[PDB]
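FYI the Cβ positions are ideal-geometry reconstructions off the backbone, even for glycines, and counts take in every protein chain you see. Derivation of every value follows stated rules applied to the coordinates shown; laboratory data play no part.
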Amino acid sequence: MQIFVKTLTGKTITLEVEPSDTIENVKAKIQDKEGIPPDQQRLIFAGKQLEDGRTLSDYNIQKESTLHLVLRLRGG
Amino acid sequence: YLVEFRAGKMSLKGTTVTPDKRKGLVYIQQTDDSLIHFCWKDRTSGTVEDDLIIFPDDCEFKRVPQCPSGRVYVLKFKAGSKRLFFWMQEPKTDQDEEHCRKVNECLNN
């Protein structure tokens, strides 16, 4: 299925994933398209951050769902 | 905290939104963990009931224009289909939208 991951820039990244896919794998997929290190990748869904050791089904992420990717800018 | 005002919350009882009667307050604790903590604390017992992690665009705080009172606000989550309803306990509406604006600012930054 396809999901819509919106970044801080408002960019809606369409990613191909499955309900049984782990969040950590999603981060890896995003790192292939964008190249941003997964360690600084923060996925949010319903006011809750997605853990790497969880699946899409755990967060009940259905088809065509809106995910959010926020980069932690600690240094400034 | 960044933003702290008196407002009542509502709970989804079965299939009907039921407003709370307890005198609680809404406070936004922006910790260095980069987690915008949107929490609801009751002033009666001083107990914190709600405590979520708000992030930009994910949680859209907006007001309900389809309400005669006009003091009804809703935290619409673009993900998870979650919706939290709150009602301003402010005596005047001269700072209603003002509170919301400050909230939205902190929630998205």
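Where residues in segment B:78-109 are in a loop (DSSP other than H, G, I, E, B) and within 13 Å of another protein chain (Cβ to nearest Cβ), which of them is surrounded by the most Cβ atoms within 10 Å (Cβ to Cβ)? Checking each candidate, the answer is B:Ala79.
Restricting attention to segment B:36-59, the residues being surrounded by fewer than 17 Cβ atoms within 10 Å (Cβ to Cβ) and aliphatic (A, V, I, L, M) number 1.
Scanning segment B:29-40 for residues that are in a strand (DSSP E or B) and within 13 Å of chain A (Cβ to nearest Cβ), which turns out farthest from B:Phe85 (Cα to Cα)? Across segment B:29-40, the extreme among qualifying residues is B:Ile36.
Within segment A:11-30, residues that are touching a residue at least 40 places away in the same chain (Cβ under 8 Å) have Cβ atoms under 6 Å from residues that are among the polar types (S, T, N, Q) and loosely packed, with under 15 Cβ neighbours inside 10 Å in these pairs: A:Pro19/A:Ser57, counting only partners at least 6 apart in sequence or on another chain.
For first residues located in segment A:56-76 and within 20 Å of A:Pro38 (Cα to Cα) and at the interface with chain B (Cβ under 7 Å from one of its Cβ atoms), partners that are surrounded by 13 or more Cβ atoms within 10 Å (Cβ to Cβ) and of a type in the set (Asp, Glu) and lie 6+ apart or on another chain with Cβ distances below 9 Å form the pairs A:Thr66/B:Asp57; A:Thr66/B:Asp58; A:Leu67/B:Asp58; A:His68/B:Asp57; A:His68/B:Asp58; A:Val70/B:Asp57; A:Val70/B:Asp58.
Spot the failing condition for A:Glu34; the list is (1) charged (D, E, K, R); (2) touching a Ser or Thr at 6+ places or on another chain (Cβ under 9 Å); (3) within 14 Å of chain B (Cβ to nearest Cβ), and only one is missed. Going through the list (1) charged (D, E, K, R); (2) touching a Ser or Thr at 6+ places or on another chain (Cβ under 9 Å); (3) within 14 Å of chain B (Cβ to nearest Cβ), A:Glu34 breaks only (3). When we screen B:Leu25, B:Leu75 for residues that are part of a strand (DSSP E or B), surrounded by 12 or more Cβ atoms within 10 Å (Cβ to Cβ) and within 14 Å of another protein chain (Cβ to nearest Cβ), the only hit is B:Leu75. Residues in segment B:41-59 that are within 14 Å of chain A (Cβ to nearest Cβ), assigned to a strand (DSSP E or B) and in contact (Cβ under 8 Å) with a residue 24 or more places away in the chain: B:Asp50, B:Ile54, B:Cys59.
Checked against the criteria, B:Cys67 counts as away from chain A (no Cβ under 14 Å), within 28 Å of A:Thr66 (Cα to Cα) and either surrounded by 13 or more Cβ atoms within 10 Å (Cβ to Cβ) or of a type outside the set (A, V, I, L, M) (or both). Can we say A:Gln49 is surrounded by 12 or more Cβ atoms within 10 Å (Cβ to Cβ), away from chain B (no Cβ under 12 Å) and within 20 Å of B:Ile36 (Cα to Cα)? No, not satisfied.
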